[PDB]
2 protein chains.
Amino acid sequence: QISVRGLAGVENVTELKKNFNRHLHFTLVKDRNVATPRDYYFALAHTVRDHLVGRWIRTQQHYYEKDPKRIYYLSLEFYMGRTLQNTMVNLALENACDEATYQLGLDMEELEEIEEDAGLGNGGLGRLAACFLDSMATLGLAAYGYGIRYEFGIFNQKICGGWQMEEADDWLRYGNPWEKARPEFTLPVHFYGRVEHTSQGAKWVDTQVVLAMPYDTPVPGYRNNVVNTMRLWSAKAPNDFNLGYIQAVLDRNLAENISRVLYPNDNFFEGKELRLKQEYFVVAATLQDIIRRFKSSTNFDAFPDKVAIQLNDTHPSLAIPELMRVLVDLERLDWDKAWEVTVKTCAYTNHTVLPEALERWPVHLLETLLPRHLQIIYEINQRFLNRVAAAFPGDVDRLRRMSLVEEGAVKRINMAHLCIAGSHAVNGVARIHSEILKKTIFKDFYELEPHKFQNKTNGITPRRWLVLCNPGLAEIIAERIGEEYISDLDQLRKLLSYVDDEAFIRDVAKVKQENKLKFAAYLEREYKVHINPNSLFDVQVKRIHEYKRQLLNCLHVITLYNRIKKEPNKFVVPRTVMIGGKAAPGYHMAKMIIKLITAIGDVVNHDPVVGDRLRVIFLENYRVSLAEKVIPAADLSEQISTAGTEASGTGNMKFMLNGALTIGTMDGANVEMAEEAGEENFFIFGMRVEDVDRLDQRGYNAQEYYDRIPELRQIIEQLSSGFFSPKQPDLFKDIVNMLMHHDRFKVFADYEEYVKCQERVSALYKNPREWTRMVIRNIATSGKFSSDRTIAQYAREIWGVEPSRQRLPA
Amino acid sequence: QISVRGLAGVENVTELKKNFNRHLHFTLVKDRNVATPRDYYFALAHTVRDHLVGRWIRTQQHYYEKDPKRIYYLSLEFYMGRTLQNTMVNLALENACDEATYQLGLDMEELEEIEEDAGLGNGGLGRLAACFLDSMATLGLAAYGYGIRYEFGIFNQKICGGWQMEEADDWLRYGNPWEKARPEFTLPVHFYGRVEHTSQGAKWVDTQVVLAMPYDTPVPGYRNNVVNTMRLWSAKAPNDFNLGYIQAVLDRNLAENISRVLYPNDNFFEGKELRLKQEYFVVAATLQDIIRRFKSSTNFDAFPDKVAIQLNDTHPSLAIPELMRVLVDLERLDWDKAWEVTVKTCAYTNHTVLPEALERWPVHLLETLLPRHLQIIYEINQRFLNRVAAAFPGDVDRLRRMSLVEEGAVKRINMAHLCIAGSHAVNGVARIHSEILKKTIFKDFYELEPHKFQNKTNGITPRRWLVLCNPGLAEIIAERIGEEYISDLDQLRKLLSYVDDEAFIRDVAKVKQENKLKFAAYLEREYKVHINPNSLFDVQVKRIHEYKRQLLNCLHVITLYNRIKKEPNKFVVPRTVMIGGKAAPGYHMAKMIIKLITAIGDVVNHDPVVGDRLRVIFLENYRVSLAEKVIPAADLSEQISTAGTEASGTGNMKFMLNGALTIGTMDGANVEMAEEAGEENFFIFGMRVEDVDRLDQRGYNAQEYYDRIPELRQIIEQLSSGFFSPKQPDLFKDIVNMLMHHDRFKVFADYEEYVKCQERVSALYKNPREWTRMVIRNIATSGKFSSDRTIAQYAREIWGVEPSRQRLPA
Ligand SMILES: CCCCCC#Cc1cn([C@@H]2O[C@H](CO)[C@@H](O)[C@H](O)[C@H]2O)c(=O)[nH]c1=O
Ligand SMILES: CCCCCC#Cc1cn([C@@H]2O[C@H](CO)[C@@H](O)[C@H](O)[C@H]2O)c(=O)[nH]c1=O
């Protein structure tokens, strides 16, 4: 059909068809009269997977012959989403399969919709991981993602009476044709026990053994025939485990619970033992795989020239004392040498500065669960603190601040401090977040070792986040400037010479209008809800968090509503405000925010005076595959976190790429986005980071805003009095109370300037042609935000390897 | 190589080879340089499974077009063993695959050894089930096996210091290429709740839901292109299950524990709740499958003309009140009509008369777990007892004996009584066991309904139990009389005209000697143990049980040993005595017996005076695949249960088929075996059933035998004094105590005649040529004992359907 989707040749189409039929019959054991859409999706999936394997084998073979330096990306999260379309796209099979399946009388799109998301992640962190593996493959890096194969991913969100209900995401119910179980590289992981000292060093003994079985899933590069591996571990009990008899067998579940469910907090940190076991599990099994792969090439000097380990936040920070444990206790290197190898291997990416988000493990936990690692960590601390004393003699306060060990009611190990100490590079995820790191929470560590601190502004993959979810926009871009930009997204700049081209202007706007028409229909079919597709589409999608200030959005919505009820016969640009996201299950406030949003919907959406001028939709079960649908359909992107809190953000990037304009604060990557497009082409409002500080020193008194803004006073009055909850008039007193007395995020301080800026958005939207020209300026400058750029920067400046864009043979 | 293994044509061989290579690459994602034997076994397995599926689909299609009456075989046990070779054999692919794999430079036999047993059974009962499914397919019956897909089967038995250790049989570790998950026919099963009465009848409510997911495994008939289905259910939790959040997800294991492990008792009955849930699970999910399949053909009159349900013992007896529940409560038939349908559908096979083996469920259990079924059972009882009163007025004792409900400290439901009441046929499993049923435990029920009681002597499948495990013997048979006998085993009779044929005599003996030479080697390679292959091979293999009187064997062994130490320079026919079997984990005595056997081994096997004249081996991990090896290699078969206790036995049949002579008592099928071969061709000793009764009425006093047999007194003295346990001299006091004061099985009563008869075995063995001629008479008369005969008898006399030997098209 459209050109970026590859060739539908007569060979390939005829061949796809017979392989589809072979799978349907031999693999699925069905015939065309009993097959359901789910069987059809499978046959297609097995058929496409057939095109990977040849390439997959040759890629692993290549890395053996060539023995390049290897990148190991350790993450507890890999938010993959669906695999089928991505695979076709990267393999140039999209038009072929589409043709083949059409001729068999099937609609491919209907089949794509049957695939479960692999929701092995909560949000931006696990999805960074996913974009990174795609980019690593595309750039021919010899990279492996390592994580955990959770039996249940992020929960599916149902709304009942406007409250979030969580249900189990049983994504493996029907099988996963993408993975390959490799029970033959099963590895032991040890827990508990005790440390014994001998003539010949420490020995960790009387431990419980849990086996780690790996599953491999192919990661295909973009049209370069590189296929890398994501290896996820699964917990299995040993056969002599516990081994009255029945219970012994039934208790095998106790071990395998390790990889059973993904922790769904991204706000808070809970010191729960299961979580720590998960972190150790992945790190222990991964290091033996890394070490084994290295030995098949006594001398660990070369280890750092052959291995790079990137730590996605501090979740796999135990890699550091685990690498010492192996080197010192099992391979018998002296401390000082093993330490040099360790620091030179490991690097650390921090994803937040929120204090409640940082891992601080109780010592009593590490002591029972991992007693030798505790010894190592203490020995690490001591030697570290002697470096500090030597560099800053007399400074005893610096000593207590920098310690890996927090003194207090319960002793804690600060896992960030460990990562900084044991890594040669530490990075933030956007320029401003990186400066904040050096100026505030890691300032002490920066003065000791300024050379460790870097920046690597996040990016997203334009294969998933443009070609895949937005084929129409990819096409019109390709018509003008070619296809090269799909893996060199800087070329999008060439679009700046089309900014006064009437034919492009109509085409950009035409595509936006289609994506809206299509999403508007998805809203009716799957969820019986009625939207005007000529309205502006105002979307905030991301996890629910106080810092992300969905509440601020709510306040705007309520204000537009109140202005409309005040002058009903005045013209306002209509809007459909969509807000969607999951709340972590114990985060009471977050859950109240979801409730408020639906409450506003019940009032606003059924007011006959409002008409179709304002609609408020909460988007159920936001996740990767819903993001691929709503992002191409959006006009306004809401990125409105209090300055200084959102480390980078990546949703913001997906929207810029797809023709939405951004309303946001100068926070995280928003800053570089505006810098790249010009501030004129951006809707910036609110305090900068400096303003927030000034406010913290005076003290933030919310009353002041309430006393001076009548429009705001009215909203609080409505919330307090029961306007939005006529059955429970006091339903929202917690929010009204938080807003008024302990808002760490200064919702009221930004309200005035946020509303004024929202008025400027409506004004520009009334002039279609200038709206679109601004869109063009955004899309045209979104190049920097490709995860290809990001990965090339890690590669060159942290891992010490060259990206290569060259094909491998077919 | 040999003719019964089919054609190795040039088409098939070349085609096997490329499919093997396709699977190795596409399915297993390996290449010839990294492949391990396990990968090779898989590729072969997937290649052979490819030849089933076409046939499998056409068989299920046929049954739809033709709509014949359907047999549902309900069992908690299916002891399948390995599937690969059986599949090749039934499909005529053995010589082809052997050729193909040879040309790829592989040894097929080495590959066959890598396959796990599906040990979804304990012993004869679950293996009857397996032989029956093979025979049902071979006879073109539209039959389905239904059971449970246990995650762990019968435990693997290790010996440590001569004690049994149990470890978990994790038979699914590496995948099972034979099954097909069919998540789309998932079915709800309900538990707990309570019964509510309405205007419109009872309603079972507030129940917990457990889902049953079916797995299908192909059951290929012998060279007729019929492939039937074994459907095994797997327990899965629902997604809103329990649905702080973490525990909710972790507690999903509580539901799925249902299908987690197979109960390994075959002696005793434990009223454990998990077991009852297993029995209900299988019965509830199976009945909806049966009912659904029936509706796709309001009127249940035809139900019994379209459905037959065979109950393998009382384990799935809840099928009966479950069928009433559905008919009465969900489809709204009146009692009397639903009852007629039920009795006409169901039949019951009893497998034992041992009182501790019978299921008697506590009422408090059924009341909490299945409260409506309890109501039904009471209503069944009442109506049943009114039939009894009417037929035997005044007989109040008969009323208490016949009741489904046992009065007592805790009320129990007698599940046998339920099966008899709710079934149109009840059968024993050998002629003598069937008479015992009618004369003793079911006598009351027989006088009420003599027409319900039948016999169906057990059988075994000659495909697995001859062609497969003994290709050499199958060949020489085929040389003389053709191949037709493989599915018409009566033709083995034609061998009686070769009894004086010198060339056959040498060939029969030649094969026996090979199987011995080969097993003798298997003993060294896998278990470092040293046997003389010219000795007589004396084997007792079967579960360890007091009734099966392994102890009696021990006493003989010890006696041969003591006679040898008394006259060391006298000639005795050498023997290798092998005894093997698992003990149920809580059966303390059984476990002591294993211990004794190894103790005898430690003394006997290291006496230099004994030489290689006597060896005593305990065979570790006896199971289906070890049976396929040791049975062809045996000379003497030990079937020595106290008369009246072994309902039928089937090991006895496997040995007759494979050229061993039998030493045994007149118990179970032994009786019909001797009747078929002539008593002269059999080594019969000991009490008949009548003798046992006479002894029970006088009282069995073991002292008497001890006082009159010096050879016996000496053995007891040795056991008591520590001769076999020099470190723990009192190790065996429990056995010596049981033997002397409470042996329900009269080991001493049979000892004298058992030894005399063992002397007659040794005498005949010294004359090779007459030994073999007797073997010929056994093998030649083993026809009756084919499970094809058995199934044809169920078919004609219980199920009301005709066996058909006709091919279906290819
Ligand atoms: C000391 C160890 C404790 C770590 C606690 C944490 C954290 C997280 C950060 N981010 C986002 O990660 C994204 C990817 O970098 C960012 O764009 C976004 O700004 C982040 O909030 C998440 O999405 N989830 C998180 O849990
Ligand atoms: C009231 C319900 C309770 C049932 C309890 C039971 C039983 C069993 C019978 N048999 C054998 O089943 C075999 C197959 O019929 C026989 O040949 C052999 O003689 C039997 O002992 C077994 O092998 N295992 C058993 O558990």
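Structure: see above.
What this report covers is the structure whose coordinates are included nearby. (Residues numbered from 1 in each chain as written, not as in the entry; some residues may be left out. Chains lettered and ligands numbered in written order. Heavy atoms only, no water.)

### Some remarks on the site of ligand 1
Residue and element names in this part refer to chain A. For the record, the criterion: Here a residue counts as near a molecule or strand whenever at least one of its heavy atoms sits within 4 Å of it. For the purposes of these results, a polar contact is taken to be a pair of N or O atoms within 3.5 Å, where, inside protein, one atom must be able to donate a hydrogen and its partner to accept one; residues adjacent in sequence count only when each atom of the pair is a side-chain atom. Residue ranges assigned to each domain were obtained from an automatic or database domain assignment.
The full set close to ligand 1 counts 18 residues, and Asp313, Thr314, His351, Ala357 and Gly649 are the nearest of them. At a separation of 3.2 Å, an oxygen atom of ligand 1 approaches a polar backbone atom of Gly124. Mapping the shell around ligand 1 onto the domain boundaries places at least three of its residues in each of domain 1 (1–459 + 787–810) and domain 2 (460–786).

### Comments concerning the interface of chain A and chain B
Here is the rule: In what follows, residue pairs with any heavy atoms lying within 4.5 Å of each other are defined as contacts. For this analysis, a salt bridge means a side-chain nitrogen from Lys or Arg found within 4 Å of a carboxyl oxygen belonging to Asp or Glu. Numbering goes from the N terminus for both helices and strands, where a helix is a DSSP run of H or I of at least four residues and a strand is a run of E of at least two. Here the term charged refers only to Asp, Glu, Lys and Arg, the term nonpolar to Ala, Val, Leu, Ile, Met, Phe, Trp, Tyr, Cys and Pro, and the term polar to all other amino acids, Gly among them.
On the chain B side, the residues contacting the 47 residues of chain A number 47 residues. Remark: the boundary between chain A and chain B carries four salt bridges. Among the salt bridges present, the one from B:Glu184 reaches A:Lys30, with a minimum N-O distance of 3.2 Å. Here chain A is connected to chain B by 14 residue pairs in polar contact. Elements with a contribution of two residues or more to the side of chain A that touches chain B: helix 1 (10–27), helix 2 (37–66), strand 6 (163–167) and helix 7 (245–250) of chain A. It is helix 2 of chain A that contributes the most residues to the side of chain A that touches chain B, seven residues altogether. Residues of the side of chain A that touches chain B, tallied by class, amount to 23 nonpolar, eight polar and 16 charged.

### Overview of unusual backbone geometry
Residue and element names in this part refer to chain A. The criterion, for reference: Here's how the labels work: a residue is buried when its accessible area is under 20% of the maximum for its type, exposed when over 50%, partly exposed in between, all with a 1.4 Å probe on protein chains only.
Phi is positive for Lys528, which is not a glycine, with a value near 40°. As for its placement among the helices and strands, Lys528 is situated in the loop between helix 21 (502–527) and strand 20 (536–541). The class of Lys528 is exposed, set by a relative accessible area of 73%. For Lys746, which is not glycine, the phi torsion reads 55° and is therefore positive. Considering the arrangement of structural elements, one finds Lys746 in the loop between helix 30 (733–741) and helix 31 (747–765). Given a relative accessible area of 4%, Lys746 falls into the buried group.

### Quick word on the relation of the copies chain A and chain B
Applicable threshold: Least squares on the C-alpha atoms is how the copies get superposed.
Once turned by 180° and shifted 0.0 Å along the axis, chain A lies on chain B with an RMSD of 0.0 Å. This pairing of chains is accounted for by a two-fold axis. Closest to the rotation axis within chain A is the C-alpha of A:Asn253, separated from it by 3.7 Å. Looking at the interface residues of chain A, 100% of them are also at the interface in chain B, so both copies use one shared face.

### A closer look at helix 21 (residues 502–527) of chain B
Residue and element names in this part refer to chain B. The following threshold applies: The length a helix should cover is 1.5 Å for every residue beyond the first.
Here helix 21 spans 37 Å end to end across 26 residues, near enough to the 38 Å set by a 1.5 Å rise per residue. All of the buried residues along helix 21 are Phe504, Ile505, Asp507, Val508, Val511, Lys512, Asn515, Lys516, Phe519, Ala520, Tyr522 and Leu523. The backbone nitrogen of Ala503 has a side-chain oxygen 2.9 Å away, supplied by the residue at the start of helix 21, namely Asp501. Immediately beyond the C-terminal end of helix 21, within one or two residues, lies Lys528, with a positive phi of roughly 40°.

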